[PDB]
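Report on the structure given below.
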Amino acid sequence: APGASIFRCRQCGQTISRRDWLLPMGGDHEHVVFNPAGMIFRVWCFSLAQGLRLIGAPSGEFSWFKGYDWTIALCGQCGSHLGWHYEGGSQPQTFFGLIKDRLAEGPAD
Ligand SMILES: O=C1CC[C@H](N2C(=O)c3ccccc3C2=O)C(=O)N1
Ligand SMILES: [Zn+2]
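Offset between the sequence shown (1-based) and the deposited numbering: plus 15.
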């Protein structure tokens, strides 16, 4: 009965990722960053995620992770902005950076 197992959208409960899938990018799964609009995000890196909808084509502009280009990742169910999918880089080629406070963590399905 683990209670710290899967991550769902906080707004609607769509299944999104798992604690087992946390990915330590440059030594830490947690990256605290800010965008050009000055919004600060506590980004957790995950090797994998599901239930999102990747919007548009990738961009390298302002990327927080050197070598990676990003696409906005919305909750596929409700449209909540959950984070970004990163691609085009190395080791790994791809991963998700998800905004921690926009997810709810709980027991497995
Ligand atoms: O790695 C990333 C992902 C995208 C993120 N980002 C944003 O959140 C944003 C909001 C408004 C205008 C431009 C941006 C942008 O590049 C950002 O700054 N870096
Ligand atoms: Zn949602």
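Don't be surprised by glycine CBs; every beta carbon is placed ideally from N, CA and C.
Measuring C-alpha to C-alpha distances from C60 to each of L38, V48, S78, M54 identifies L38 as the nearest. Counting along the chain, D84 sits inside the beta strand (DSSP E) bounded by residues 84–90.
A buried status is given to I31, since no fewer than 16 other beta-carbon atoms sit within 10 Å of its beta-carbon. Taking the Cα of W99 as reference, the smallest distance to any Cα among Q106, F111, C93 is reached at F111. Fewer than three pairs of CB atoms, one per stretch, sit closer than 8 Å, so the segment 33–50 makes no contact with the segment 69–76.
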